[PDB]
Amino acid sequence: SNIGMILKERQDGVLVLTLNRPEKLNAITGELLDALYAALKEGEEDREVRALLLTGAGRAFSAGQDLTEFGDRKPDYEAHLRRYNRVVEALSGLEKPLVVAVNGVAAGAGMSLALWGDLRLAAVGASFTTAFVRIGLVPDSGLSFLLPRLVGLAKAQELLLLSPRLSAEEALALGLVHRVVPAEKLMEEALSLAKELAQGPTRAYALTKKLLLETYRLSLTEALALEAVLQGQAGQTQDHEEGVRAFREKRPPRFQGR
């Protein structure tokens, strides 16, 4: 066990975060979410970290909200989500790339959290279930935002209203993940990809993520203006100067994340 249930380890330029309540299928609590927030913040502030990798301990990625967090009192989910929505905000705006390695079941808010990865891998055997509807709830933790963007509205309707269990291979066909790998190889493959990202142009990744997060709500005119502003920022980086020299020399760039 560990206090706060988020294991942390640095491998090169990668901060590896592991959801660690395996006896409860990494069920989500406010305590866990505070620890996840703190770990994301530490990774973003750490100049030795250029990428993050998120996975689960044990057989699950996460089964979603721990229903025992709430008393027998009529629940106040508006207040709970207003308090803990900052964690989704933190994932959404992370200024470093995030790889997610889905090692087992991802259900409810566990599915929400997994889908915040920029690049997502699943083990053979892993699964995704929206789950909320089976207990009379709506999608939360950003799932109503992410799912239609990732899989389109037609599949989002079916997945949310009927809550089927999806295999890793079905997840891959829909865009819930980018790659499926055998369970014994998932962490090796996810870490290799995270290490490659940790050598990449971290600022260009950060700014690209911002453009993607906003794309659907902007007019074309607004999107062009935002592209201009963020490209202005990316153009002033040391990494852009390096990138131009490496292309002229037809060699690999040596990026530093600034």
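In case it trips you up, residue 1 is the first one in the sequence shown, and so on.
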Legend entry - Between the two ranges 168-176 and 104-112, the one averaging a larger CA B factor in the entry: 168-176
Legend entry - Which of 68-76 and 153-161 has higher mean CA B factor, as the PDB entry lists it: 68-76
Inset, instruction - Using the temperature factors in the entry, find which of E227, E44, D34, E48 has the highest value at its Cα atom. - result: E48
Inset, instruction - Using the temperature factors in the entry, find which of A183, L98, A90, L143 has the highest value at its Cα atom. - result: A183
Inset, instruction - Can you work out whether the C-alpha temperature factor of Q238 puts it in the lowest, middle or highest third of the chain? - result: highest
Legend entry - CA B-factor placement of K195, once the chain's modelled residues are sorted into thirds: middle
Inset, instruction - Comparing against every modelled residue in the chain, figure out the third that the C-alpha B-factor of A39 lands in (lowest, middle or highest). - result: lowest
Legend entry - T29, C-alpha B-factor rank within chain (lowest, middle or highest third): middle
Inset, instruction - Pull the Cα B-factor of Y216 out of the PDB entry and bin it into the chain's lowest, middle or highest third. - result: highest
